[PDB]
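Colleague: Structure file final37.csv (CSV, C-alpha atoms) is given on the next line.
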chain,number,residue,atom,x,y,z
A,12,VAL,CA,11.2,-4.2,27.3
A,13,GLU,CA,14.5,-6.1,27.3
A,14,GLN,CA,13.5,-7.9,24.1
A,15,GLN,CA,12.9,-4.6,22.3
A,16,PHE,CA,16.4,-3.6,23.6
A,17,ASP,CA,17.9,-6.8,22.1
A,18,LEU,CA,16.4,-6.6,18.6
A,19,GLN,CA,17.9,-3.0,18.5
A,20,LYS,CA,21.4,-4.3,19.3
A,21,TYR,CA,21.0,-6.8,16.5
A,22,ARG,CA,20.0,-4.0,14.1
A,23,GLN,CA,22.6,-1.9,15.9
A,24,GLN,CA,24.8,-4.8,14.6
A,25,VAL,CA,23.2,-6.3,11.5
A,26,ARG,CA,23.7,-2.9,9.7
A,27,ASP,CA,27.4,-3.7,9.9
A,28,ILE,CA,27.2,-7.3,8.6
A,29,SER,CA,27.6,-8.8,5.2
A,30,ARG,CA,25.8,-10.6,2.4
A,31,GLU,CA,26.8,-14.1,3.6
A,32,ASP,CA,27.2,-13.4,7.3
A,33,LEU,CA,23.5,-12.4,7.4
A,34,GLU,CA,22.9,-15.1,4.8
A,35,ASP,CA,23.9,-17.8,7.4
A,36,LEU,CA,22.5,-15.8,10.3
A,37,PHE,CA,19.4,-15.7,8.2
A,38,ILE,CA,19.5,-19.3,7.0
A,39,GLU,CA,20.1,-20.0,10.6
A,40,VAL,CA,17.0,-18.0,11.4
A,41,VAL,CA,14.6,-20.4,9.7
A,42,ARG,CA,16.9,-23.2,10.8
A,43,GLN,CA,15.7,-22.4,14.3
A,44,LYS,CA,12.1,-21.1,14.2
A,45,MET,CA,11.1,-24.3,12.6
A,46,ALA,CA,12.5,-25.9,15.8
A,47,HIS,CA,10.6,-23.0,17.5
A,48,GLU,CA,7.5,-24.6,15.9
A,49,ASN,CA,8.3,-28.3,16.5
A,50,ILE,CA,9.2,-27.5,20.1
A,51,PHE,CA,6.1,-25.4,20.0
A,52,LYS,CA,4.2,-28.1,18.2
A,53,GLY,CA,4.9,-30.6,21.0
A,54,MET,CA,3.9,-28.2,23.7
A,55,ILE,CA,0.5,-27.8,22.1
A,56,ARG,CA,0.5,-31.6,21.5
A,57,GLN,CA,-0.7,-31.9,25.2
A,58,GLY,CA,-4.2,-30.8,24.2
A,59,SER,CA,-5.7,-34.1,25.5
B,12,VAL,CA,13.0,-34.5,6.2
B,13,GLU,CA,10.4,-32.1,4.9
B,14,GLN,CA,11.7,-29.0,6.7
B,15,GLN,CA,15.1,-29.9,5.1
B,16,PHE,CA,13.4,-29.2,1.8
B,17,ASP,CA,12.0,-26.1,3.5
B,18,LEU,CA,15.6,-25.0,4.4
B,19,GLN,CA,17.0,-25.6,0.9
B,20,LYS,CA,14.0,-23.8,-0.4
B,21,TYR,CA,14.5,-20.8,1.9
B,22,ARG,CA,18.1,-20.7,0.5
B,23,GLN,CA,17.4,-19.8,-3.1
B,24,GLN,CA,15.2,-17.0,-2.2
B,25,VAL,CA,18.1,-15.5,-0.1
B,26,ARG,CA,21.1,-16.1,-2.4
B,27,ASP,CA,19.6,-13.6,-4.8
B,28,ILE,CA,18.1,-11.2,-2.3
B,29,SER,CA,20.1,-7.9,-2.0
B,30,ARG,CA,22.0,-6.3,0.8
B,31,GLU,CA,19.5,-4.2,2.8
B,32,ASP,CA,16.7,-6.5,1.5
B,33,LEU,CA,18.6,-9.4,3.0
B,34,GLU,CA,18.8,-7.4,6.2
B,35,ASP,CA,15.1,-6.7,7.1
B,36,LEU,CA,14.4,-10.4,7.3
B,37,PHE,CA,17.0,-10.6,10.0
B,38,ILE,CA,15.5,-7.8,12.1
B,39,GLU,CA,12.0,-9.2,11.8
B,40,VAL,CA,13.4,-12.5,12.8
B,41,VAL,CA,15.2,-11.8,16.1
B,42,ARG,CA,11.9,-10.3,16.8
B,43,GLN,CA,10.3,-13.5,15.5
B,44,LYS,CA,12.3,-16.0,17.6
B,45,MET,CA,11.8,-14.0,20.8
B,46,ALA,CA,8.0,-14.0,20.3
B,47,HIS,CA,8.5,-17.7,20.7
B,48,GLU,CA,10.9,-17.2,23.6
B,49,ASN,CA,7.9,-15.8,25.6
B,50,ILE,CA,6.0,-18.7,24.0
B,51,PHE,CA,8.1,-21.6,25.0
B,52,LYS,CA,8.5,-19.9,28.4
B,53,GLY,CA,4.8,-19.3,28.2
B,54,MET,CA,4.6,-23.0,27.3
B,55,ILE,CA,6.8,-24.1,30.2
B,56,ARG,CA,5.0,-22.0,32.7
B,57,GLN,CA,1.7,-23.6,31.8
B,58,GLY,CA,3.0,-27.1,32.2
B,59,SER,CA,3.9,-26.7,35.9
In structure tokens, how does this file's structure come out?
Modeller:
Amino acid sequence: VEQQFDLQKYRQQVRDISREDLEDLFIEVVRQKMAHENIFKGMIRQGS
Amino acid sequence: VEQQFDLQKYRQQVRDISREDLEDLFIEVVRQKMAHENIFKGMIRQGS
């Protein structure tokens, strides 16, 4: 629910943004979800 | 280290990508990240 709401406020925004301001928000994207894999790669690490 | 290559690599792809076409990978993303949000969360209420 709330998430769906969120994504929409970000495309409610993004639309208004700019080649580089989405560039960084985008570079920042993969600059996080890789952490959202290591910090998700540790949490599955406990499969022992 | 490695991911830092990853990063630099994801830059090139995006410093040529056009306006809207550099937008749809920011809408799919703030969906992305959140899917993990429920996942770390998922991961932390799985640990206790």
Colleague: Considering only C-alpha atoms, return as a list in words whatever protein or nucleic-acid residues lie within 10 Å of residue 22 of chain A, sequence-local ones (same chain, fewer than 4 positions apart) excluded.
Modeller: residues 17, 18, 26, 27 and 28 of chain A; 34, 35, 37, 38, 39 and 41 of chain B
Colleague: Please return the superposed copy of chain A as a short mmCIF file (atom, residue, chain, number, x, y, z; two decimals) with C-alpha atoms, keeping the file's coordinate frame; the fit should be least squares onto chain B across all sequentially paired Cα atoms.
Modeller:
data_model
loop_
_atom_site.label_atom_id
_atom_site.label_comp_id
_atom_site.auth_asym_id
_atom_site.auth_seq_id
_atom_site.Cartn_x
_atom_site.Cartn_y
_atom_site.Cartn_z
CA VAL A 12 12.11 -33.87 5.75
CA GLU A 13 9.84 -31.07 4.51
CA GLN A 14 11.60 -28.60 6.80
CA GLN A 15 15.00 -29.46 5.32
CA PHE A 16 13.30 -28.90 1.89
CA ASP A 17 12.10 -25.43 3.02
CA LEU A 18 15.37 -24.07 4.43
CA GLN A 19 16.90 -25.04 0.97
CA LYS A 20 14.30 -22.97 -0.90
CA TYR A 21 15.15 -20.06 1.35
CA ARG A 22 18.86 -20.49 0.56
CA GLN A 23 17.74 -21.32 -2.97
CA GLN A 24 16.29 -17.76 -2.58
CA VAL A 25 18.35 -15.83 -0.04
CA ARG A 26 21.41 -16.14 -2.41
CA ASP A 27 19.46 -13.82 -4.70
CA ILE A 28 18.50 -11.21 -2.05
CA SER A 29 20.06 -7.99 -0.98
CA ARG A 30 21.80 -6.22 1.87
CA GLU A 31 18.60 -4.64 3.25
CA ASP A 32 16.08 -7.20 2.06
CA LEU A 33 17.91 -9.82 4.18
CA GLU A 34 18.57 -7.05 6.69
CA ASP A 35 14.76 -6.81 7.39
CA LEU A 36 14.22 -10.51 6.80
CA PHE A 37 16.97 -10.90 9.31
CA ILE A 38 15.83 -8.19 11.72
CA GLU A 39 12.53 -9.86 11.30
CA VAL A 40 14.18 -13.12 12.23
CA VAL A 41 14.99 -12.09 15.79
CA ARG A 42 11.77 -10.09 15.76
CA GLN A 43 10.04 -13.46 15.73
CA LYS A 44 12.15 -16.05 17.60
CA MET A 45 11.93 -13.90 20.61
CA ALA A 46 8.14 -14.39 20.23
CA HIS A 47 9.18 -18.05 19.57
CA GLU A 48 10.61 -17.88 23.12
CA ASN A 49 7.81 -15.92 24.86
CA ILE A 50 5.24 -18.20 23.24
CA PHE A 51 7.62 -20.93 24.21
CA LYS A 52 8.15 -19.40 27.61
CA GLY A 53 4.42 -19.55 28.38
CA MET A 54 4.10 -23.11 27.25
CA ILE A 55 6.76 -24.14 29.73
CA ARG A 56 5.09 -21.78 32.27
CA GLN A 57 2.60 -24.71 32.93
CA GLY A 58 5.24 -26.55 34.96
CA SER A 59 2.98 -26.52 38.08
#
Colleague: Select residues of chain A: the criterion is any atom within 9 Å of an atom of chain B, counting only C-alpha atoms; output as a ChimeraX atom specification.
Modeller: /A:14-15,17-19,21-22,25-26,28-31,33-34,36-38,40-45,47-48,50-51,54-55
Colleague: Work out how far atom CA of residue 32 of chain A is from atom CA of residue 12 of chain A, in Å to one decimal.
Modeller: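 These two atoms are separated by 27.2 Å.
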